[PDB]
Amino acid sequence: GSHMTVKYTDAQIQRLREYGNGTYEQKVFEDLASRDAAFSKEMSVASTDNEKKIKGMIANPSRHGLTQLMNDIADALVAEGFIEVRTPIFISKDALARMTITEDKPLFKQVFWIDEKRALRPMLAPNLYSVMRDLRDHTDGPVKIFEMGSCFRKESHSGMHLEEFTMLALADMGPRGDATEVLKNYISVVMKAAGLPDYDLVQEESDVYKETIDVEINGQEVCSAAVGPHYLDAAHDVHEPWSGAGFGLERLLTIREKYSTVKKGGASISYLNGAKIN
């Protein structure tokens, strides 16, 4: 709210980001009159750019941006020997408690319950671990699998959070080499296939995996990876070694396409491929 180095107001920024995918919060003006004259021209550009974009998209449709991204990453993983799997969106109360997501946990508040014993999955690891364990019964080789699909969380409506988002989870179980070097190679395969070859690996605290490697771009988390802990497999004393990585595909797409909010590239009845339709 500085009246000396005058920026666009907070309201003006939301109005600009509604239709525009430029960058707006850095502009500085001499006075209010110059801020507001610039806002007028910026807002007009943003809205006309949006209308051109949606008209060209209607006239020349492609696969959806999120589906295309999923396909690029999936074909890359399959070429590295990963099996694509699809698991149910419902998961049982039992599976959630087996991840130590229990009545006392921070993530437990965020769970959507469907009935007394089942919920919408907030993560992919529970189902993926089960499928991976069963596939290990049929082979002496390592098992590498991945899934892409919707997970659901109750969220604080902050910067890069959706209640429904599309996660990619990849996992590798069985005989290991240098586990972390293999995992880092997988992340690189995914990140290059996504079109985001430049990123940082930062270690972040976690209540579920204890310690994770995060993937960050300009300080924004797009992925957590881990060498697998063994609390999910409570029914066996002896566990298989495994590791995995979970990527936020809407976050990847948003960063790559430089959309101004995370609501624009995924599932929506207000946005289609970055453009506002109403």
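Numbering starts at 1 and follows the sequence shown.
Engineer: Hey, which bit's got the bigger mean C-alpha B factor in the entry, 104-112 or 122-130?
Structural biologist: The entry gives the higher C-alpha B-factor average to 104-112.
Engineer: Quick one: say whether 156-164 or 186-194 has the higher mean Cα B-factor in the deposited entry.
Structural biologist: The entry gives the higher C-alpha B-factor average to 156-164.
Engineer: In terms of recorded Cα temperature factor, pick the maximum from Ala74, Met99, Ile83, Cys151.
Structural biologist: That would be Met99.
Engineer: Just to confirm, going by the entry's C-alpha B-factors, which of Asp178, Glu147, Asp172, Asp137 comes out highest?
Structural biologist: Across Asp178, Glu147, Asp172, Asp137, the entry lists the biggest C-alpha B-factor for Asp178.
Engineer: Check where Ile89 lands among this chain's C-alpha B-factors and tell me if it's the lowest, middle or highest third.
Structural biologist: Lowest third - that is where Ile89 ends up once the chain's C-alpha B-factors are sorted.
Engineer: Would you please rank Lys7 by its C-alpha temperature factor against the other modelled residues of its chain and give the third it falls in: lowest, middle or highest?
Structural biologist: CA B-factor rank for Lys7: middle third.
Engineer: Sorting the chain's CA B-factors, does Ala226 end up in the lowest, middle or highest third?
Structural biologist: Its C-alpha B-factor, which the entry lists for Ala226, ranks in the highest third among residues of this chain.
Engineer: Using the temperature factors of the C-alpha atoms in this entry, rank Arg35 within its chain: lowest, middle or highest third.
Structural biologist: It belongs to the middle third of the chain when residues are ordered by C-alpha B-factor.
Engineer: Splitting the chain's C-alpha B-factors into thirds, which one does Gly65 fall into?
Structural biologist: CA B-factor rank for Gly65: lowest third.
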